[PDB]
Each structure stands twice: as structure tokens, then as C-alpha cells.
Amino acid sequence: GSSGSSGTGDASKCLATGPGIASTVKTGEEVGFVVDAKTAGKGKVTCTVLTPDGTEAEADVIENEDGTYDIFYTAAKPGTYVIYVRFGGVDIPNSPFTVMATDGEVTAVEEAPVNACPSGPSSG
């Protein structure tokens, strides 16, 4: 390792608020959280939604003139999702973000078969 130039942007100062980063979330629905920064300073905020299956997900990031970053993501399947957040290249003291995606209340799904046939003349 190596260092020299003192830091400039503090991550611990930054605050993460939003339903998407709540201790618990809902599947199927699209959550949307935002990063509020007061004295944190200047820096880029990156998000990484990890799935309980072992793969990474897509997380849109939109910066704001108010020094805030709006992010959103969906939960295909329930389980334990891990969200990684960093400010100006610094992992906040809240990362990772332990999130739990639940299906919600008890429900009964219904699926039915759909017949289908190809097209084309016979000429026979």
C-alpha cells in the first residue's frame, strides 16, 4: 500500500436515506433511495446491488445539483441483498447495506396453459 495526499471528502459525514436501503424491502416493486450529503464534500457515489444468487444487479445513478444521488433498483427474487455504497472512493460506515426482500403478505398465484399453433399454408 501507499498514501500521501490527505483526504478531501468524508464518507462518514454522508447520509443514506430511502426505502430501497431500508432494513427491509419488497420484491417486484421498484425502490428508490437517495444519498444526502451536507459536509461530506465532493465525490462520486457508486451503488452495487448484489443478489443472493451470486450475481450483480443493475443500479441506475443520477447526480443532483444539491449534491445528492438518486438510485433505484428492483428485486426479482427474495433473499439477502447486499448493496455497496461509497463516497468519493470511500466505503461509508453503513456499507455494506443488509437488505431483506420479502414477498409481503400471503397470496395464492394462478397459472394456466396457453395453447399455440404455427402458421403457413398446406398446399397438399
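Taking region 88-104 as the region of interest, how many residues are within 20 Å of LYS26 (Cβ to Cβ) and assigned to a strand (DSSP E or B)?
Adding up the residues that qualify gives 6.
Only one residue in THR80, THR46 is under 30 Å from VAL106 (Cβ atoms), out of contact with any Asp or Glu (no Cβ under 7 Å at 6 or more places or on another chain) and not in a loop (DSSP other than H, G, I, E, B). Which one?
On inspection, the qualifying residue turns out to be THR80.
Among the residues of region 52-67, what is the count of those that are farther than 17 Å from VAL90 by Cβ and in a loop (DSSP other than H, G, I, E, B)?
Residues in region 52-67 being farther than 17 Å from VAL90 by Cβ and in a loop (DSSP other than H, G, I, E, B): 10 in total.
Quick one: which residue in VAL35, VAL45, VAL49 is farther than 18 Å from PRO93 by Cβ and surrounded by 20 or more Cβ atoms within 10 Å (Cβ to Cβ)?
So the residue among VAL35, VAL45, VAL49 that is farther than 18 Å from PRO93 by Cβ and surrounded by 20 or more Cβ atoms within 10 Å (Cβ to Cβ) is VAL49.
In contact with a helix residue (DSSP H, G or I) (Cβ under 9 Å, 6 or more places away or on another chain), among the aliphatic types (A, V, I, L, M) and either within 16 Å of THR27 (Cα to Cα) or outside any loop (DSSP other than H, G, I, E, B) (or both): is that true of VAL85 in this structure?
yes
Ideal geometry is used to build each Cβ from the backbone, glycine not excepted, and the neighbour counts take in all protein chains shown. No lab work stands behind these numbers, since they all come straight from the coordinates.
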